[PDB]
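Residue-level listing of the chains:
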Amino acid sequence: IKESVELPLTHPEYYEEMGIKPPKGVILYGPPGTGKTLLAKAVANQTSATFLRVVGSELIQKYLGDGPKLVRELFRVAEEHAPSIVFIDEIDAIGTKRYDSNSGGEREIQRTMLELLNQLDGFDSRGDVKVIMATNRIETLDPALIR
Amino acid sequence: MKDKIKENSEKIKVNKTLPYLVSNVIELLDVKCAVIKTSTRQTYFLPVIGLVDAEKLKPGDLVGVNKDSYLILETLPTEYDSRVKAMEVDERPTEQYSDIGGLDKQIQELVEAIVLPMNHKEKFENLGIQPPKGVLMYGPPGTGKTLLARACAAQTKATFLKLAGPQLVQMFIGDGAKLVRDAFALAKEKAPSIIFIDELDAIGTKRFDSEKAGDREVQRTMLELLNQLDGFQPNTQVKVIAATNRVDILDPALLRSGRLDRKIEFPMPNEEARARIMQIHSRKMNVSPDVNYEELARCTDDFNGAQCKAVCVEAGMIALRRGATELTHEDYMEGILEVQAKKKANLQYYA
Amino acid sequence: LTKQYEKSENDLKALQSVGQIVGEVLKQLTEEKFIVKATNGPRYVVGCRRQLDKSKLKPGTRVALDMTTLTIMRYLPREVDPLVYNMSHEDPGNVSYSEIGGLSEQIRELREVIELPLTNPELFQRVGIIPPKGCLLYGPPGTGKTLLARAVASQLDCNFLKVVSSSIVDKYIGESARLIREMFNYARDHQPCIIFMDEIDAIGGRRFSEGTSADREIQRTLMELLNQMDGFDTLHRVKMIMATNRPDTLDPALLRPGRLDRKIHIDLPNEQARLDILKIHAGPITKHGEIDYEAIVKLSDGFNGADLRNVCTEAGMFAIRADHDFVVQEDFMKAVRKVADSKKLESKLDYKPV
Amino acid sequence: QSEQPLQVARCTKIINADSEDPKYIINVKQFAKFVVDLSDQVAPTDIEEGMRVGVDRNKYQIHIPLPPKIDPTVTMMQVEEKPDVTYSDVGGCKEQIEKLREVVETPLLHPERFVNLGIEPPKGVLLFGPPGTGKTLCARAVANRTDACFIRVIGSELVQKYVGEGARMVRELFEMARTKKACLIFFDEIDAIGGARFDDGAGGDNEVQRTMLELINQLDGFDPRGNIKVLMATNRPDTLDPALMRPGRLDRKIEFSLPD
Amino acid sequence: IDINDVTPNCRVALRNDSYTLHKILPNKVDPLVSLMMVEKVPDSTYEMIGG
Amino acid sequence: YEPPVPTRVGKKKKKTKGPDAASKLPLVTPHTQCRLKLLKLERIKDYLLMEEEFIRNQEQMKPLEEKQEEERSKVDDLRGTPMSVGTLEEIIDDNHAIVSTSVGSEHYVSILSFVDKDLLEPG
Amino acid sequence: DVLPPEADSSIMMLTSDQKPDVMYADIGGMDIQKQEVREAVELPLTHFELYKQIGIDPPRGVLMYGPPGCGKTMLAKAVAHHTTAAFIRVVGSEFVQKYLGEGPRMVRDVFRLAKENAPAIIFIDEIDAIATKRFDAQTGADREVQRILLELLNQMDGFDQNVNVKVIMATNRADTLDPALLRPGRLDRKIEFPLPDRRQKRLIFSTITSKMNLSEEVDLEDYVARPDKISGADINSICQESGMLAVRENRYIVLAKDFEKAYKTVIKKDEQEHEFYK
Amino acid sequence: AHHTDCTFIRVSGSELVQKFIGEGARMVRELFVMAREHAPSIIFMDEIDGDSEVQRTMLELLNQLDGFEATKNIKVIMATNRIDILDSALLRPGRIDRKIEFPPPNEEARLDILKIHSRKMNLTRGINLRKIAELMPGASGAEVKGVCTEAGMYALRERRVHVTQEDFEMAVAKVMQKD
Ligand SMILES: Nc1ncnc2c1ncn2[C@@H]1O[C@H](COP(=O)(O)OP(=O)(O)OP(=O)(O)O)[C@@H](O)[C@H]1O
Ligand SMILES: Nc1ncnc2c1ncn2[C@@H]1O[C@H](COP(=O)(O)OP(=O)(O)OP(=O)(O)O)[C@@H](O)[C@H]1O
Ligand SMILES: Nc1ncnc2c1ncn2[C@@H]1O[C@H](COP(=O)(O)OP(=O)(O)OP(=O)(O)O)[C@@H](O)[C@H]1O
Ligand SMILES: Nc1ncnc2c1ncn2[C@@H]1O[C@H](COP(=O)(O)OP(=O)(O)OP(=O)(O)O)[C@@H](O)[C@H]1O
Ligand SMILES: Nc1ncnc2c1ncn2[C@@H]1O[C@H](COP(=O)(O)OP(=O)(O)OP(=O)(O)O)[C@@H](O)[C@H]1O
Ligand SMILES: [Mg+2]
Ligand SMILES: [Mg+2]
Ligand SMILES: [Mg+2]
Ligand SMILES: [Mg+2]
Ligand SMILES: [Mg+2]
């Protein structure tokens, strides 16, 4: 986790002399209680970048399009506060949990997922925004999301 | 008294200066008197109506009133939505019935229900029959449905109101219903007139019973259209053209035999039609006198008109790709492969 | 012209007049002080003209106020909404019951609710019942729900409010529910009156438990209407005819017998009903040769009233296609078959109130 | 002092346009409606019905025709900084890149070689393939090289809370694209709104399907699209509507298969 | 009026024409107090709990 | 009539946010306290002395109306009070734009010179 | 100036002529509902001191809920007809007005008018129009209704134990009601108006038929014993339809055959259940 | 919350109170701004009993309170009918620091509840509340409280001022057996 969220900021020369951009995204997966959120807490403790924490269940909204809108707005704030680290904790909770308040069913969640696909790697140029995701159920994620 | 009349008219002009405040007449009372509602959401009572005869006013009539004393100065034309006024075509597309291949029966079924009643109205009165009300054109994509609508507008002098299904779907409740009843109102005032609602399934989706949520707004807009096609007031002076891809999605009340009398099916172009279609779209194209359109038609099974047109368009790409100034049969043959959009495969071990 | 001068001079006097604000009296504070509210605006403490009666200014009375002083100028009758005015002054089309076939039983039930109670009230008082005040015309599309309403509006000598639920919906805040109040206020003030609400499922649908803000406003319009059909204030000499081809989607409260007492089923025509409708529409058709209407009826199974009219239209279309001035049985034979193919595109029609 | 403020209003109806006293009915947003006449500094033929105008606060006479109203969200959807990706950064997609350029880049760059032969070049390309195959990378290369206006649209951006918004945003998207001589619209992840129509009893995806129907109408409908060449990218082309996957809307189907 | 007393979410009086802040009005109901007024959870103490 | 043509490319605001503005002093290298850093810092100091002397001379003979405190005092007069908060809808020209007040009414107004034109984007 | 409290009210009380003609005897088979309404509305109005002496906190509001046609609105008519207190009948949909602020303004006008003329009863039929639990902050409809509902909660909260006003709300979709309205002090008495039972059906049948000229040959127990789950409006319709069949045959006495035809017509119950399930 | 002077915030998820929480309303953690301003605070959610929104709100609030919240003294409580329906995320050790069971009051606890609520009525001397507690097997505190309220109703029905033992017994039969 240091080489993707800490080393690029503290020691960017190592990457530049090697001619590689740092690893773009990182996901922490494992059984519950294994230390996934704890490592992000350690990352947030020793970081000079703005830390934004969002739980995957927060991306399920009550109205159509606000799910994609919130993901779009979350990564806009990250771009303003560059460099930034975006921690999408419990990312699998967007799909593994179904709520009646979410007007659109699995279809609106898929649109929210596609919006997150654009933000992680899409048409828009991305600044110094590092993405950390945590999940205890990585088999339920869309493989295109963690590609 | 002639000088006094002219001098009085001069004082009339000073008060009748622009701007006017647009208002709608609400009521006409006796104790000769009118109640108007201004566009500023204000209701006023006029002891005297103004410079308009009381007999020429009716409730709901649009009037232009004085900005200060709010007396009616003149009557305004009936108001239609700018969106409704913007969907009436004035360019009159330059298509033709000869630019459509393999739809002679479909064209005849449409012309004789839409153009024939307007021009030769005597064949219906003499026969004692009512002309067909509404024509629905349904079929697979690219079969030439919108194309025939352009040809109908091309070869008809009647007012044509092009329209799409999503255009009648709006935020505010009743906004779509107003647009539908404004399009038919505007079409009535410019009779004879034709209304073409492309992609009917946007508003014509079947109604359903649900307990939690539903698209009740769009069904309200459709229900308004169900009135306009055949409702309390029989509108037999406006012709309606409807086009959709999925007739199975449409509400049964919309496919009624009083709203859409003729439901013309647009089939996949056959071998003869496909050769005709490629010939149609190769007219403005320098094509060598050796292309076998019969062979190309045999190579385009399960092709619609759009794919047949794309074959000619793609064949021009290949001629430009290799620099040739004339399109050959091989360019058409290899252009079929691109339109076919077959996935890349290493199936060289076959046979 | 002497008359031209009089009209020109009348305009000059008319130009000097100024419009008056329309309001509503709320309460008379003193003999010379009133509380009035603007139609769309604030409430004011205003005075009144000495020459005015001041006894006709009961609370709720519509008044005209001076623009500057807001003094009450006159008392006006209850305002007739222009939409409600268009409802009453809507031409049905001079439709007679002789233009409706196969609905003789259904016509009688409709005329038993809106005709007899308004002409012979004492007939039902003697038995000891209050006659039904609302009826629902439901059935498959094209069966004759709107045609029956037009016929009963054209023939019955009574005030008739003709409106469709989709034309009452307004985007403004509470406007749609306000229209229902004005609709019934007009009916209450113009007794006997009949309100016909075609396509009632536009606003009469089932109340959503998790709907949108747009849905909630439509439901408020519905339960405003529900409060007028059967609420605290009893409806007298006002009858409601409601038509829908999807009564399954209607709210249970709207379908309740206290509001829609009768549910008249305008069903698809049967063998005799199909025969009657055919003669109605094939009547004015010019034809030579024997016309076997029975043969058309056998192939017309599942058709509605509009389909049988289409058979007559398409039969003439085959004559016009063949350059004929007359329609033969063969032309009818193709027409009934051609329409039959078109019925394969229609989804389920059998919908009934729950 | 010299330049007075002007209220934005929309012209509704022109009364007596033939005569020398043409009266214009205007809709001043939420303020009111007025019947006004043109100013002396504006030609009678420069104001048409249904167009936005600027009117004064005293007599509300039309003073300047105005551009049509466009959603600020739709305006931001146009690309203003070109990406740092060129076609030299895409490997293994040689044949794919030539097909993409010859539809979306060559006709704008060298239009003279198509009009002479009476050629109507395709106005749409669909890029499909598994994730990471280079669909958006090639589109980013297109925007860097293109000189016409490039608009980036993400299918999730066309999903909106209220009914008719996604269709509306598509309408204003093509309305703003038509105000330019040549334009490019990129629809990244079209499958968000481009799914095939279906009837599941309830209103399943009815609103989103209308957004796709409006997009389909603009691509190939009664009215000509214009000089817009659209570019669609999706990793799930099997879910797209058949009418959207049809020539005249998506003429070229460039497949970004796994590199050899 | 001191600028330091102008606290966010405070009620102030502004002049008719200039809209000048000329008086700090008494503070409105706190949003949490307003929120807890509609929730109206019954107040309780340990004396009214048995067992 | 012809539509006004903007001189600014695009309709978005400048990407750079929160810079040092006029205080973007150069990165003098190296940071070690040696002669050329002293020499480099002196050159920065010298031009400031030149800048300070030049600016003072101009303002000394500038008209009493045109002064740094007077122009700023004037700026408030052109702005006036109160300052209504609106929403930018479209940038018609460099000095012209469509704005909408909180009441939902749009106005075609003129953008004054003292406004930061690089911060203007629709919405 | 300060206007009198009874002044400035768009909503008026029920006059003597506006009192409904429905009596308690006109309602059949709602003894439980009548007692609960009486013990919570009309008895506290006349016996407030007896409540304080015993220690009962009188319920400020009463919510009447149940399937449509089960005597909700009619009991309110009976209460208004049989009350010595002022009655303020209003509809929930009436509060939603185009003029922003006029909605909440007339909510407090009703409670001010009731407070000034205490004892008083506020009956708000169809409460779902202003008491829906879902609100959209970007829509003027939900923003205004939220203001109306918040004022309604505030008005009921501002009524102490001394002010002798009873509020009655009626609804057939109480599942859509905001839970804040049912909190203690606002609506502490939820009275359910269910479908009539077999004993309730016979009392309902007897009351409506008592006003009709029947024949001795009709046996109401034949239709009471039917297992159909029908409401009071349904039973009224059966009697109402029985009388019209007699009218159709030019008869002023309802025969047993009319009731059999009327019951079949009104109920018109599709089976909706297949025998193989039991 | 009343005894520790901690602000009591009830989070029902109601959209009626959403204007007070904030105009954004996109995520439930926006209430933390009002919670920090009134620290110490107790955030309470009751599950009336798709997936549970109250339990979902638990996770969002508990995750923030784990190590990402600077201000201390912000406690959070959930009230649920059953503990075996909870999500595994909430049941994970370290998430909920203490689970407190509220069993239905027994014979002695019902007497204490009966004593508490009957103090708000005009009671005749000599009421054997112990017998009344025995007459309510397997009842909750709300049912015991409702029995007292119904007991006062029976005094009103007989136009009496003081509640007698018969009234409590008639109230027990109505609340428990009839309902
Ligand atoms: N490897 C570890 N070393 C030290 N402490 C640990 C370790 N793993 C877990 N913990 C402790 O467990 C506590 C709770 O676990 P934590 O929140 O990190 O879980 P997680 O792995 O993110 O799982 P999940 O979100 O699926 O429940 C942490 O606050 C930390 O103190
Ligand atoms: N039968 C045909 N003859 C000639 N051209 C045809 C034919 N069918 C399709 N085309 C061509 O296909 C193109 C698109 O046709 P059109 O827009 O009418 O399709 P459509 O069937 O209405 O599509 P959709 O239902 O998907 O909207 C046009 O360029 C038209 O010339
Ligand atoms: N019984 C009938 N006799 C004669 N014509 C009929 C009959 N029923 C329907 N029609 C004909 O059907 C056409 C449409 O009928 P109508 O407008 O009454 O439809 P509807 O039953 O109200 O249908 P929808 O459910 O779509 O509103 C008319 O031309 C009318 O003449
Ligand atoms: N052909 C290629 N040549 C060079 N680099 C490539 C190629 N294809 C992909 N990449 C690299 O892989 C990354 C994957 O992002 P890209 O936008 O190309 O994916 P995509 O095909 O749009 O995927 P998705 O379907 O998930 O949207 C690119 O940013 C680029 O760095
Ligand atoms: N117990 C009863 N005895 C006699 N008639 C009854 C009874 N209950 C209901 N009714 C009948 O119910 C009809 C009106 O129903 P009412 O308005 O009282 O019901 P509601 O529950 O308020 O209705 P909704 O929920 O649809 O608004 C009257 O015609 C009346 O005769
Ligand atoms: Mg965790
Ligand atoms: Mg088409
Ligand atoms: Mg009809
Ligand atoms: Mg991509
Ligand atoms: Mg009722």
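Conventions used here
- Residues numbered from 1 in each chain as written, not as in the entry; some residues may be left out.
- Chains lettered and ligands numbered in written order.
- Part of a larger assembly, values for the part shown.
- Heavy atoms only, no water.
- Residues with missing side-chain atoms left out of burial classes, pairs and counts.
- UniProt positions renumbered as here; feature names shortened; annotations may be inferred.
- Helix = DSSP H or I, 4+ residues; strand = E, 2+ residues; numbered from the N terminus.
- Buried < 20%, exposed > 50% of the residue type's maximum accessible area, 1.4 Å probe, protein only.
- Contact = heavy atoms within 4.5 Å.
- Near = heavy atom within 4 Å.
- Polar contact = N/O pair within 3.5 Å; in protein donor to acceptor, adjacent residues only side chain to side chain.
- Areas by Shrake-Rupley, 256 points an atom, 1.4 Å probe, with all protein chains shown as cover.
- Nonpolar A, V, L, I, M, F, W, Y, C, P; charged D, E, K, R; others polar.
- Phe/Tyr/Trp six-rings, centres within 6.5 Å; stacked < 30°, edge-to-face > 60°.
- Salt bridge = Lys/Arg side-chain N within 4 Å of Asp/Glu carboxyl O.
- Buried area = accessible area lost by both parts, 1.4 Å probe.

- Determination of this PDB entry was carried out by cryo-EM to a resolution of 2.9 Å, according to the record.

- Per the PDB entry, the recorded name for chain D is 26S proteasome regulatory subunit 7, and the organism is Homo sapiens.
- The PDB lists this entry under the title "Human proteasome in resting state conformation bound to TXNL1 in backward conformation".
- Recorded under Sequence similarities, the UniProt text for chain D is reproduced unchanged: "Belongs to the AAA ATPase family."

- Chain B is annotated in the PDB entry as 26S proteasome regulatory subunit 6A of Homo sapiens.
- Per UniProt, chain B carries the Sequence similarities text "Belongs to the AAA ATPase family."

As for the overall build of chain D
Stage number 1. A count of helical and extended segments in chain D gives 7 helices and 10 strands.
Stage number 2. Counting only C-alpha atoms and orienting by the principal axes, one finds that chain D spans roughly 70 × 50 × 40 Å.
Stage number 3. For chain D, the proportion of its 260 residues judged to be buried stands at 64%.
Stage number 4. For chain D, the proportion of contacts with a sequence separation of at least 24, taken over those separated by at least 6, is 69%.

With respect to the site of ligand 1
Stage number 1. Near ligand 1, the surroundings consist of A:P32, A:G33, A:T34, A:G35, A:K36, A:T37, A:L38, A:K41, A:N136, H:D66, H:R92 and H:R95.
Stage number 2. Mapping the residues adjacent to ligand 1 onto the chains of the assembly identifies chains A and H.
Stage number 3. With respect to ligand 1, the backbone of A:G33 contributes an N or O atom lying 3.0 Å from an oxygen atom.
Stage number 4. One of the side-chain nitrogen or oxygen atoms of A:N136 is found 2.9 Å away from an oxygen atom of ligand 1.
Stage number 5. Protein chains bury 65% of the 630 Å² of accessible surface belonging to ligand 1 in isolation.
Stage number 6. Counting residues per element, the shell around ligand 1 draws most heavily on helix α4 (residues 36–45) of chain A, at 4 residues.
Stage number 7. Taken together, the residues of the shell around ligand 1 sort by class into 2 nonpolar, 5 polar and 5 charged.

A short note on the packing of aromatic side chains
Given two aromatic rings, their pairing is described by the distance between the two centres and the angle made by the two planes.
Stage number 1. All told, the structure shown has 23 aromatic pairs over all chains when counted by the stated rule.
Stage number 2. Taken together, a centroid distance of 5.2 Å and an interplanar angle of 25 degrees make the contact between B:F160 and D:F222 stacked. Of this pair, B:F160 sits in strand β7 (residues 159–164) while D:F222 sits in the loop between α7 (206–219) and β9 (228–234), placing the two residues on different chains.
Stage number 3. Accessibility expressed as a relative area gives 0% for B:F160, which makes it buried.
Stage number 4. Under the relative-accessibility criterion, D:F222 is labelled buried at 6%.
Stage number 5. Measuring from ring centre to ring centre gives 5.0 Å for B:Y349 and B:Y350, while their planes differ by 80 degrees; the resulting arrangement is edge-to-face. Residues B:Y349 and B:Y350 agree in their burial class; the two are exposed.
Stage number 6. Among the aromatic side chains, those forming a connected cluster through ring pairs are A:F51, A:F87 and H:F68.

Considerations on the side chain of D:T234
Residues and elements named next belong to chain D.
Stage number 1. Structurally, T234 can be placed in strand β9.
Stage number 2. A polar side-chain atom of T234 sits 2.6 Å from a polar atom in the side chain of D191.
Stage number 3. Discounting residues that sit within four places of it in the chain, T234 has contacts with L126, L127, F128, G129, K135, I190, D191 and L240.

A short note on the pattern of salt bridges
Stage number 1. Taken as a whole, this structure holds 130 salt bridges over all chains when the rule is applied.
Stage number 2. Linking C:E210 and G:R134 is a salt bridge whose minimum nitrogen-to-oxygen distance equals 3.8 Å. Placement of the pair is C:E210 in the loop between β8 (193–198) and α8 (213–229) and G:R134 in the loop between β3 (120–125) and α5 (140–157), with the two residues belonging to separate chains.
Stage number 3. The network of salt bridges with shared partners includes B:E109, B:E112, B:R262, C:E314, C:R321 and C:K338.

Here's the deal with the interface of chain B and chain C
Stage number 1. Taken together, the contacts link 81 residues of chain B with 95 residues of chain C.
Stage number 2. Together chain B and chain C conceal approximately 7300 Å² of surface at their shared face, both sides included; 57% is due to carbon and sulfur atoms.
Stage number 3. Broken down residue by residue, the surface that chain B buries against chain C is led by B:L127, B:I173 and B:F232, which jointly contribute 12%.
Stage number 4. The interface formed by chain B and chain C includes 10 salt bridges.
Stage number 5. When the shortest N-O distance is used, the salt bridge between C:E199 and B:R259 registers 3.9 Å.
Stage number 6. The tally of links from chain B across to chain C stands at 34 residue pairs in polar contact.
Stage number 7. Where the side of chain B that touches chain C is concerned, the elements lending two or more residues are α1 (2–15), β1 (20–29), β3 (43–46), α3 (104–119), α4 (122–125), α6 (175–189), α7 (216–229) and β10 (262–265) of chain B.
Stage number 8. Broken down by element, the side of chain B that touches chain C gets its largest block of residues, 6 residues, from α1(B).
Stage number 9. Split by residue class, the side of chain B that touches chain C holds 38 nonpolar, 18 polar and 25 charged.

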